[PDB]
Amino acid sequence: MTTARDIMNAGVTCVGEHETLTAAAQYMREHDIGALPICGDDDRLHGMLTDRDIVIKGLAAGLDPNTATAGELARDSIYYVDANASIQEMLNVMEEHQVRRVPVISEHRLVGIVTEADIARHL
């Protein structure tokens, strides 16, 4: 049986929860990415932060990008699948949260990221 572990992009960097929104923006530019998994110490997943979140939940909400943190916003977007999750389970989570990307966890730690495109390649 195919699992998230089989399909995921293993070993991605999880940005620190205390990083400011400005630092997260710099990170998104530096690494040409728009969705970041945010973690507490030891890669403990706290949620996902997108470029749009910074604008909508950050700037649009009157938050200061130089003081508000990635963790404060990512906590509003917590969802994931276990490394042993099936393709159907991953699709169910994506559907429920209206996203095409989902973090993969194993023993409370982020171990990878799975996208619909990844699933598509493993059918």
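Residues carry their position along the shown sequence, with the first being 1.
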**Q.** Residue stretch of maximal mean CA temperature factor, 98-106 vs 19-27
**A.** 98-106
Q. Looking only at CA atoms, which has the higher mean B factor in the entry: 72-80 or 46-54?
A. 72-80
Q) Between 85, 35, 59, 38, which one tops the list for C-alpha B-factor in the PDB entry? A) 85
Q) Split the chain's modelled residues into thirds by Cα B-factor; is residue 4 in the lowest, middle or highest one? A) middle
